[PDB]
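A.B. asks: Structure in structure tokens, see below.
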Amino acid sequence: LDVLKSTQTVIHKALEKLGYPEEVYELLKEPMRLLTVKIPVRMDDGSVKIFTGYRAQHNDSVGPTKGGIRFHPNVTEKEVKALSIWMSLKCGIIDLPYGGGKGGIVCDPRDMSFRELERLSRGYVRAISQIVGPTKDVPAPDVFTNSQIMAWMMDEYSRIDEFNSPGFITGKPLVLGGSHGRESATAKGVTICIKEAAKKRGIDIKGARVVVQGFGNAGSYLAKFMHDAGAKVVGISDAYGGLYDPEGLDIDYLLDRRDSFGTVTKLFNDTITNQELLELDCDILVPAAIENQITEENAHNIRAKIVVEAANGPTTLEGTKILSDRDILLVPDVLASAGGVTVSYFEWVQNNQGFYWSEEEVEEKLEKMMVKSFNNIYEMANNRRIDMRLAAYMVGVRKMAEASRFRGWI
Amino acid sequence: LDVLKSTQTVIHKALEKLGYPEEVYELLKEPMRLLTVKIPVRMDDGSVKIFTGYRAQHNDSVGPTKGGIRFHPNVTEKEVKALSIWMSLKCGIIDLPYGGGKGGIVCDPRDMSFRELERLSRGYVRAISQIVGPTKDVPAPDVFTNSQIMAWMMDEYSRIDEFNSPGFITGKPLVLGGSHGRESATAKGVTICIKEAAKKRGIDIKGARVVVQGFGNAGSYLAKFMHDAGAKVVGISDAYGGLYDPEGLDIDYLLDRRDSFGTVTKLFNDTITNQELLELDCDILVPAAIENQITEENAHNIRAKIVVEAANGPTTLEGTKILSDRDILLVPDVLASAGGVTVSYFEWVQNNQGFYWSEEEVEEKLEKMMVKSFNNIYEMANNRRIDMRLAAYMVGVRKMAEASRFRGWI
Amino acid sequence: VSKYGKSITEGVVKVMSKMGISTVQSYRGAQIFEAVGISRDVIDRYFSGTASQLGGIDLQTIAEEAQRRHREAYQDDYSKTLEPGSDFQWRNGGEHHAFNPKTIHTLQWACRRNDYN
Amino acid sequence: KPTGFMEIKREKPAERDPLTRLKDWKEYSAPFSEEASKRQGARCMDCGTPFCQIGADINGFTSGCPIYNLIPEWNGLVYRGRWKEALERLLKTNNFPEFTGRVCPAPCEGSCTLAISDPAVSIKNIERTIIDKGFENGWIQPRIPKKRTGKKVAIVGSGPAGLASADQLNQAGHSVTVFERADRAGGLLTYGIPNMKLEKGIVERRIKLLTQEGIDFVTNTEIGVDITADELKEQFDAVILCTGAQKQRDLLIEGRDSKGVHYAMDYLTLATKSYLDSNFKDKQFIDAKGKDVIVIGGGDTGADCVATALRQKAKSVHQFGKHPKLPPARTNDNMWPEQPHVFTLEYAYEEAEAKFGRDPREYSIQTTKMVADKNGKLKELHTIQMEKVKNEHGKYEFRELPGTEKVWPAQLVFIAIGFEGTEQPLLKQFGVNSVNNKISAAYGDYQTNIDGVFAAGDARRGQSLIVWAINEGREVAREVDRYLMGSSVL
Ligand SMILES: Cc1cc2nc3c(=O)[nH]c(=O)nc-3n(C[C@H](O)[C@H](O)[C@H](O)COP(=O)(O)OP(=O)(O)OC[C@H]3O[C@@H](n4cnc5c(N)ncnc54)[C@H](O)[C@@H]3O)c2cc1C
Ligand code: SF4
Ligand code: SF4
């Protein structure tokens, strides 16, 4: 159940499969830096409130740590450490010159005001200014954090360091040194993963019977992108049930201005089949509605030749093993959702250079990077006769382990 | 288990007595900068071991944090935080321009070796190098640390910073920038406190009967100082027992026969146990030995007019209450044992100046500082019908609270 | 602990006084012990200057004894108690004692009967 | 410098009045209180070379504890007040101290240093107190040996030797089986020993503990026609033989044919079985409340028979024994190391003396019997006086006195003048040999003629005691463990 313990376990099995001693696991299981700070913030009522903040750095052997910051009241040291490890895994998978980093603050932005949030971000930056920077630790946004907060953090760090430091933090607006493609990063990444998986298999993108459990934001975006060439069969889990069931029919482009807040696309009173439809003889599957939708009971029921994960923990180990035995391709979420990290890396590169690219350049570089990562993972998985998830984990930890061994820490 | 809670309680009580609001307690209850690090160390056998290190900084409003490093297997975050707060209290009591700091490493120096200890010290210094320095955090020695370890840390910091930094760490040898009086500091402070208490109570030091429980370096130096001042030492104790002589104990001969560990008892001669040594007829009693020695049963049997807690926590709450009822002047450890901190501060000053003082200068400066602190605490405890322990806690927290308020953190 | 240390030191002082040595410094270098059942080869190799009239066991035998004691102690998978000693008392199944109960009662009976068998 | 043996006098624990003790078939003694136990343990001197621990036969009589009990050690522990440690040290040697604390005659008490010119220390009572306190505090629980190697020993007989061997093998890690003919396991303890001296509740509790351990007793099996030695050996590695010794010798004299003569073993077994089943209400035993009882052949069996008759309220009960009465003090040729041979006046006799007012007497001696009555039920018993004299070369011999003819009424007769070896040649399925009805075996290295078969207990020792049986069982357990595996700690 413990997220940290689960992460340590997956790291352990990946290292064991790669054939590394136990000291490598002992080093990589726990981050080498965990800073806990107390931030005094003056609220709009004249009172002073003490906020708790955490910053975890996992490994700097490969390069400066890269990590997001989340403003949530349920953050914890264990969660921050686990997320730092996961970020390190993603960076290793994409072959970035980054390490694992993460940050968090115990707060409720829904209750906090604009000025209060600005003061809190500035105080957090002031507190952690000693162990962060463009060469040590690069923050980024996460849940309940956005470009305004990133800009405030950038301003505070620039004031501290007496010069502009755009590359210290990513996720900034364009005027302050932002990068294009930030919004569509994850959806684009899943699209490239799907295309490369289809190319590796014998499936083409013309028919492309696609089942999606999304239809919300990312699901709608990927469905729209697929609609140009492929087709649709059924859409599930639209926050109300199986409201969409074309069953062999396509959907007109309806991405102009529509949201699930009021109805889904046309009307909420349309015919509804049931909550879970699944099944059907499709060739592409995109499950992203909730955590752990696929279980042992329904593992054999699905009839999709390719499955691409777009959410966090949509499948279990038993389901992954069943799909691998059935020879159904399964793209891990850790690889599918790396577009945001890749775009943040591009923004960091642009800040370092002083030259800012265009949307086309960002798209082509993202395509190259994700295609290379997918090919490496697929080849290694075939060579080792293992599953894609384990292959991705081993690819992620290999860079960190080799860097540590080369530098002599183990 | 409850050390941090107890420290929080005493801080709360002191702040309530001083009249400060609750935000001051909220700020001062926990440190605002806690760092946890993992240190890989190569051992003699060739293997690699990962040690866990902690560094806590309670406050920096007054000035750079001052703390100690201990090499024990039972160190914990709670203990480190509590001891950092206690160090802040000591610095405030002595009126130093310091904050509170505390370092710790989970290790067993008994099983570790010379080279392994050097490597571990260097690794710890490297891990915490990002938040420490002569202007940020000044470490010192604690349990299982000494001048050699301090020298290793100093060499590490200089090797990092490209120039020598003697003031980064105290407790060094004389050749590396150490200060005179580093061994007799605690005993001299206890002597100063005893003399001031005797002056306040009207007891003449000439001919005053002194009993010392513990004949380590501190006990031996204290006995020598009383003998020089003219007071008669009627009782000493060591690991094997104690001696009693109302007319004097020949401290010169006892010191001459004193060994490295401080044993002075004969072999075929019966000795006096500590339980009945504490009950001897004397004017001054000085426990500089193991803790939890004065309780309800022996509080009434104690015949000393003044009791000075040279060691750490040799008295309980019930014993303090009974002594206050009996009108026995108690000098707390947090004040009596501040000589080491004061001498470390003098060493820091000498490193800053580049000029190193002499034994006489150190003696006189320590005398003035300790006399001022003792007088302030006594006047506070006379103006307010409270105990010297509470007065010392209030004096310690007052400076930190005022500095935080002035700087605007609350 | 303190009492044990003091008593042990006093006993060592008495042992030195037996030979008349008044100082542990001298006793440390001096070998005031004589072996009974140790090979002269082992003595010369490791206990040079010590006396062994009859020689005796070898290093292999010493190692075998130590290994045997260690092995039985570490296995010992029946009892959670220490076996009774037989150094200064006689216990059934323990070390042999010349004046065992059988010998004592037989001698007493023979002397009281004035009997020969 | 303890002086307890000088400044303290021997005492006894609470004992029910003999007159009222015949109304109930319960314990006739109680354990020492804490203070009394401490005072009595203070008497022990921490004996140098304790003679209360030799455990060997001297002049044909056992002296000391055959199981090598740490008597001085737990005496000192009791004096100091340490009860858990005393129980642990006691269990280090004796696995069934509850039985010995109230059954053993305590030859250790007789063969102790303090026995010279002063009474000995109540070793048996102290042991009983220790075990009773341990049971009441619940410190005795199954050990549950985590190590269990597939091995079977299939002990035969539920006597104390069998229970001890089963416990030792189970602790070693061998899953054994104990076969018993009778419904209730315990061997002599369950049936032969009276409930008065040893209530069967403690025995049943001990078997329950053994079953929880994993002995897996099986009852109602003669292991003869029911189960054969061939299949026994085929299905088991070792089999052991804890058959005991129940064969009883008889008198080949005329007159021992009239109905009314039954074995003491059978009478006691029937009485105890009826008491356990339906409180002597099924009438499946022998009752002589209105019938005279003559028991010939003294000893434990005779005392038990007399006690049973007294509780049954027989009108007259008499005990016959050829050997002369014991003196009140040690003789010249009987000093302390030897087992004392003085007057005892144990249970079953003080009760008779206290109750019988018309005939306040017992212990008819120098006469067993001669030719009895006939023609149906018993009517009278004939007795003639016998004397021990020296003949030929100073050897004791029995001479009858013609002028001492006398007759007594006897409607019920019991024979307890000795015992024979195990039940042979009835159990001739095995090839084990014998010389005097005792299976051929030697103390230590109990291997018999047949590999995988080991003699044990009274079957090879003749007539012995519970402590002897326990010791023998422990030794055979060690030997069989060594044979099966090669090494055996105990
Ligand atoms: C105070 C005192 C009083 C005593 N009173 C008596 C007394 O009255 N009578 C007496 O006889 N002894 C008496 N004894 C002696 C004592 O009871 C025995 O010496 C001892 O208990 C026998 O040991 P054992 O292990 O052979 O037990 P046993 O009981 O002899 O063990 C064998 C058991 O298995 C049974 N058995 C026989 N053949 C088989 C078979 N083929 N398969 C399975 N089970 C079989 C036997 O009937 C018996 O129950 C007394 C001792 C003391 C100290
Ligand atoms: S009473 Fe028995 S056990 Fe105690 S010292 Fe005397 S002989 Fe030994
Ligand atoms: S078992 Fe018998 S001989 Fe052994 S100590 Fe107990 S009473 Fe004495």
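Quick note on naming: the chains in the structure tokens go A, B, ... in the order shown, residues restart at 1 in each chain, and ligands are numbered from 1 in order of appearance.
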Give me the residues within 10 Å of residue C:35 as a list in words, counting only C-alpha atoms and dropping any in the same chain fewer than 5 places off.
C.D. replies: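 The neighbour list is residues 40, 43, 47, 50, 51, 52, 53, 54, 55 and 56 of chain C.
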A.B. asks: Go ahead and save the picked residues with N, CA and C atoms, as a CSV table (one decimal), in the first residue's frame.
C.D. replies:
chain,number,residue,atom,x,y,z
C,40,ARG,N,56.5,-29.2,24.3
C,40,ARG,CA,57.6,-28.2,24.3
C,40,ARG,C,57.7,-27.5,23.0
C,43,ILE,N,55.4,-24.7,23.4
C,43,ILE,CA,55.9,-23.8,24.4
C,43,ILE,C,57.0,-22.9,23.8
C,47,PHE,N,55.2,-19.9,24.1
C,47,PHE,CA,55.3,-19.6,25.5
C,47,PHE,C,56.8,-19.7,25.9
C,50,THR,N,58.7,-20.8,29.4
C,50,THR,CA,57.8,-21.6,30.3
C,50,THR,C,58.3,-23.0,30.4
C,51,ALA,N,58.0,-23.6,31.5
C,51,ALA,CA,58.4,-25.0,31.8
C,51,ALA,C,57.3,-26.0,31.6
C,52,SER,N,57.7,-27.1,30.9
C,52,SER,CA,56.7,-28.2,30.7
C,52,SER,C,57.5,-29.5,30.7
C,53,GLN,N,57.5,-30.1,31.9
C,53,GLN,CA,58.4,-31.3,32.1
C,53,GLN,C,58.0,-32.4,31.2
C,54,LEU,N,56.7,-32.7,31.0
C,54,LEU,CA,56.2,-33.8,30.3
C,54,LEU,C,55.7,-33.5,28.9
C,55,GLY,N,55.9,-32.3,28.4
C,55,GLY,CA,55.3,-31.9,27.2
C,55,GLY,C,53.8,-32.0,27.2
C,56,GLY,N,53.3,-32.5,26.2
C,56,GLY,CA,51.8,-32.8,26.2
C,56,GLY,C,51.1,-32.6,24.8
A.B. asks: Please write out the residues within 6 Å of ligand 1 as a PDB file with C-alpha atoms, in the first residue's frame, counting only C-alpha atoms and all ligand atoms.
C.D. replies:
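See part.pdb below for the written result:
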ATOM      1  CA  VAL D 103       4.654 -40.672  45.014  1.00  0.00           C
ATOM      2  CA  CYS D 104       8.418 -41.086  45.354  1.00  0.00           C
ATOM      3  CA  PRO D 105       9.545 -42.543  48.715  1.00  0.00           C
ATOM      4  CA  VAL D 156       4.631 -49.028  23.323  1.00  0.00           C
ATOM      5  CA  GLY D 157       3.248 -48.608  26.828  1.00  0.00           C
ATOM      6  CA  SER D 158       2.018 -45.414  28.488  1.00  0.00           C
ATOM      7  CA  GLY D 159       4.041 -45.857  31.676  1.00  0.00           C
ATOM      8  CA  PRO D 160       6.266 -43.063  32.976  1.00  0.00           C
ATOM      9  CA  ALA D 161       9.196 -44.429  30.974  1.00  0.00           C
ATOM     10  CA  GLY D 162       7.056 -44.262  27.845  1.00  0.00           C
ATOM     11  CA  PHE D 179       0.134 -47.421  22.321  1.00  0.00           C
ATOM     12  CA  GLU D 180      -1.823 -48.268  25.479  1.00  0.00           C
ATOM     13  CA  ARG D 181      -4.092 -51.233  26.163  1.00  0.00           C
ATOM     14  CA  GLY D 187       0.522 -46.867  32.919  1.00  0.00           C
ATOM     15  CA  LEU D 188       0.812 -47.708  36.595  1.00  0.00           C
ATOM     16  CA  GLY D 192      -1.955 -49.119  39.914  1.00  0.00           C
ATOM     17  CA  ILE D 193      -1.227 -46.044  42.023  1.00  0.00           C
ATOM     18  CA  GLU D 222      -2.901 -54.762  22.861  1.00  0.00           C
ATOM     19  CA  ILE D 223      -0.440 -54.480  19.918  1.00  0.00           C
ATOM     20  CA  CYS D 242       8.156 -49.850  27.491  1.00  0.00           C
ATOM     21  CA  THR D 243       6.052 -52.856  28.466  1.00  0.00           C
ATOM     22  CA  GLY D 244       6.706 -52.557  32.197  1.00  0.00           C
ATOM     23  CA  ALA D 245       6.248 -55.478  34.571  1.00  0.00           C
ATOM     24  CA  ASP D 300       3.239 -50.350  48.234  1.00  0.00           C
ATOM     25  CA  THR D 301       0.632 -52.722  46.794  1.00  0.00           C
ATOM     26  CA  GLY D 457      11.625 -49.480  32.077  1.00  0.00           C
ATOM     27  CA  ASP D 458      10.618 -52.127  34.567  1.00  0.00           C
ATOM     28  CA  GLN D 463      10.608 -53.986  39.922  1.00  0.00           C
ATOM     29  CA  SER D 464      11.576 -50.311  40.133  1.00  0.00           C
ATOM     30  CA  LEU D 465      10.110 -46.869  40.838  1.00  0.00           C
ATOM     31  CA  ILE D 466       8.719 -44.006  38.774  1.00  0.00           C
ATOM     32  CA  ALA D 469      11.465 -45.476  34.906  1.00  0.00           C
TER      33      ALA D 469
END
A.B. asks: So, counting only C-alpha atoms, which residue among D:56, D:154, D:140, D:241 is closest to chain C?
C.D. replies: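 Comparing D:56, D:154, D:140, D:241 against chain C, the winner is D:56.
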A.B. asks: Once chain B is fitted to chain A on all Cα atoms paired one-to-one in order, how large is the remaining RMSD?
C.D. replies: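 Between these identical-sequence chains, the C-alpha RMSD is 1.9 Å.
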A.B. asks: At a cut-off of 8 Å, which residues of chain C touch chain B? Count only C-alpha atoms and give the answer as a list in words.
C.D. replies: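 So the residues of chain C near chain B are residues 2, 3, 6, 9 and 10 of chain C.
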A.B. asks: If the limit is 8 Å from any atom of ligand 3, counting only C-alpha atoms and all ligand atoms, which residues qualify? Return them as a list in words.
C.D. replies: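 Checked against 8 Å with only C-alpha atoms and all ligand atoms; the hits are residues 52, 53, 55, 63, 64, 65, 66, 67, 68, 69, 71, 94, 97, 100, 101, 103, 104, 105, 106, 107, 108, 109, 123, 124, 125, 127 and 467 of chain D.
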A.B. asks: Would you export the selected residues with C-alpha atoms as a JSON list (two decimals), in the first residue's frame, please?
C.D. replies:
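Below is the file again.json, written as the result:
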[["chain", "number", "residue", "atom", "x", "y", "z"],
["D", 52, "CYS", "CA", 21.29, -36.76, 48.00],
["D", 53, "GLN", "CA", 22.18, -36.95, 44.28],
["D", 55, "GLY", "CA", 21.28, -42.13, 42.44],
["D", 63, "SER", "CA", 20.22, -44.18, 47.34],
["D", 64, "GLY", "CA", 19.80, -40.63, 46.09],
["D", 65, "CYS", "CA", 17.91, -39.35, 43.08],
["D", 66, "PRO", "CA", 18.32, -41.69, 40.07],
["D", 67, "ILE", "CA", 17.53, -38.75, 37.76],
["D", 68, "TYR", "CA", 20.30, -36.56, 39.25],
["D", 69, "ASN", "CA", 18.05, -33.80, 40.54],
["D", 71, "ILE", "CA", 18.33, -30.67, 44.93],
["D", 94, "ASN", "CA", 12.62, -34.29, 35.93],
["D", 97, "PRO", "CA", 7.94, -33.76, 38.99],
["D", 100, "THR", "CA", 7.39, -37.74, 42.18],
["D", 101, "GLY", "CA", 6.50, -34.93, 44.60],
["D", 103, "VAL", "CA", 4.65, -40.67, 45.01],
["D", 104, "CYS", "CA", 8.42, -41.09, 45.35],
["D", 105, "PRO", "CA", 9.54, -42.54, 48.72],
["D", 106, "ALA", "CA", 12.46, -40.07, 48.60],
["D", 107, "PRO", "CA", 15.58, -42.23, 49.01],
["D", 108, "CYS", "CA", 17.38, -38.89, 48.68],
["D", 109, "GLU", "CA", 16.00, -37.92, 52.09],
["D", 123, "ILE", "CA", 13.09, -32.73, 49.45],
["D", 124, "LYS", "CA", 9.94, -34.45, 48.20],
["D", 125, "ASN", "CA", 7.65, -31.87, 49.80],
["D", 127, "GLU", "CA", 9.59, -30.53, 44.94],
["D", 467, "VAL", "CA", 11.98, -42.06, 38.99]]
A.B. asks: List the spatial neighbours of stretch 327-330 of chain D as a VMD selection string - criterion: any atom at most 6 Å away, only C-alpha atoms, same-chain residues fewer than 3 positions off excluded.
C.D. replies: chain D and resid 334 342 to 343
A.B. asks: For the residues selected in the previous step, produce a file with C-alpha atoms as a JSON list (two decimals), in the first residue's frame.
C.D. replies:
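What landed in result16.json:
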[["chain", "number", "residue", "atom", "x", "y", "z"],
["D", 334, "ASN", "CA", 22.90, -49.87, 58.49],
["D", 342, "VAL", "CA", 13.47, -48.41, 60.23],
["D", 343, "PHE", "CA", 9.81, -48.26, 61.20]]
A.B. asks: Identify which of the residues B:178, B:123, B:100, B:189 lies closest to chain A, counting only C-alpha atoms when measuring atom-to-atom distances.
C.D. replies: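 Of B:178, B:123, B:100, B:189, the one nearest chain A, counting only C-alpha atoms, is B:123.
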A.B. asks: Using only C-alpha atoms and all ligand atoms, which protein or nucleic acid residues are at most 10 Å from ligand 2, as number ranges by chain?
C.D. replies: D: 5, 40-54, 64-65, 69-76, 108-116, 119-123, 337
A.B. asks: Go through stretch 311-352 of chain D and flag each residue having an atom no more than 10 Å from stretch 412-418 of chain D; for those, report the closest pair of atoms plus their distance in Å to one decimal, using only C-alpha atoms, ordered by chain and rising number, as JSON lines.
C.D. replies:
{"residue": "D:317", "atom": "CA", "partner": "D:412", "partner_atom": "CA", "distance": 9.5}
{"residue": "D:318", "atom": "CA", "partner": "D:413", "partner_atom": "CA", "distance": 9.8}
{"residue": "D:319", "atom": "CA", "partner": "D:414", "partner_atom": "CA", "distance": 9.6}
{"residue": "D:320", "atom": "CA", "partner": "D:417", "partner_atom": "CA", "distance": 9.5}
{"residue": "D:321", "atom": "CA", "partner": "D:417", "partner_atom": "CA", "distance": 8.3}
{"residue": "D:322", "atom": "CA", "partner": "D:417", "partner_atom": "CA", "distance": 9.5}
A.B. asks: Could the residues in this selection be written to a file with N, CA, C and O atoms, as a PDB file, in the first residue's frame?
C.D. replies:
ATOM      1  N   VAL D 317      -9.689 -55.553  58.405  1.00  0.00           N
ATOM      2  CA  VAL D 317      -8.620 -55.588  57.414  1.00  0.00           C
ATOM      3  C   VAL D 317      -7.323 -55.936  58.126  1.00  0.00           C
ATOM      4  O   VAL D 317      -7.025 -55.392  59.195  1.00  0.00           O
ATOM      5  N   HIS D 318      -6.552 -56.851  57.540  1.00  0.00           N
ATOM      6  CA  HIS D 318      -5.310 -57.300  58.153  1.00  0.00           C
ATOM      7  C   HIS D 318      -4.231 -57.473  57.094  1.00  0.00           C
ATOM      8  O   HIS D 318      -4.507 -57.828  55.943  1.00  0.00           O
ATOM      9  N   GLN D 319      -2.993 -57.223  57.521  1.00  0.00           N
ATOM     10  CA  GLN D 319      -1.807 -57.247  56.676  1.00  0.00           C
ATOM     11  C   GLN D 319      -0.852 -58.313  57.190  1.00  0.00           C
ATOM     12  O   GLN D 319      -0.538 -58.342  58.385  1.00  0.00           O
ATOM     13  N   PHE D 320      -0.382 -59.177  56.292  1.00  0.00           N
ATOM     14  CA  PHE D 320       0.521 -60.263  56.644  1.00  0.00           C
ATOM     15  C   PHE D 320       1.860 -60.077  55.945  1.00  0.00           C
ATOM     16  O   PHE D 320       1.914 -59.724  54.764  1.00  0.00           O
ATOM     17  N   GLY D 321       2.938 -60.320  56.689  1.00  0.00           N
ATOM     18  CA  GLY D 321       4.282 -60.224  56.155  1.00  0.00           C
ATOM     19  C   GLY D 321       5.253 -61.128  56.885  1.00  0.00           C
ATOM     20  O   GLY D 321       5.293 -61.138  58.119  1.00  0.00           O
ATOM     21  N   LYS D 322       6.041 -61.898  56.132  1.00  0.00           N
ATOM     22  CA  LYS D 322       6.946 -62.858  56.758  1.00  0.00           C
ATOM     23  C   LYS D 322       8.149 -62.167  57.390  1.00  0.00           C
ATOM     24  O   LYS D 322       8.595 -62.559  58.474  1.00  0.00           O
TER      25      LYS D 322
END
